[PDB]
């Protein structure tokens, strides 16, 4: 199958900037390439067909170029409605393969997270499961690490993480890490902590509690 490689994987730019993203095919495909745009939680939209032709409604700020293997899409002046993920797709031979995408985010200053730890409620404990919650609020960039420690022992494979998209409020990100254990296991231990490392912190910040505090 024809492999499509997009570059870069992500791009931090400001409103009004001129950006250019690239898509390379493993074989020559003439101008048989489409450019799609997709915002989080919304359906994709075909922006450019035949490598260069814009579809109806698309502003002239988007321009597609390239023939053969290397193709580019250029946004002349980024607008708030242009920050999204962009995909390329070859239509030359079956299977019609997609690139893995290029995500455009709004660049801003580094922001340290606000970290909070919350023990499980007694109601959930009465069901036999215990969920310790660690919240990281309003940080930039999106890359953060959360490490759960129980009685000063590293935990792994027992946590779930959810991360928000770039907030329309302040262009930050928020994250939740839930460590879920059995009631028996939870009661077998005392000190529960989440250690957060982020670019905005001089040293990793640990939020901890002894079992019993609420």
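Residue numbers count along the first chain shown, from 1.
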Query raised in the report: Which has higher Cα B-factors on average according to the PDB entry: 118-126 or 95-103?
Result: 118-126
**Report entry** 135-143 or 77-85, whichever carries the higher mean Cα B-factor
**Finding:** 77-85
Report task. For the C-alpha B-factor as written in the entry, point me to the maximum among 67, 172, 34, 38. Result -> 67
Requested in this report: Choose from 26, 160, 60, 55 the residue with the greatest Cα B-factor as stated in the PDB record.
Outcome: 60
Query raised in the report: By its CA B factor, does residue 3 count among the lowest, middle or highest third of the modelled residues in the chain?
Result: highest
Query raised in the report: Compared with the other modelled residues in the chain, in which third is the CA B-factor of residue 15?
Result: highest
Report summary line: Temperature factor at the Cα of residue 183, chain-ranked in thirds, falls in the highest
Query raised in the report: Is the Cα B-factor recorded for residue 189 in the lowest, middle or highest third of its chain?
Result: highest
Query raised in the report: Ranked by Cα temperature factor within the chain, is residue 202 in the lowest third, the middle third or the highest third?
Result: highest
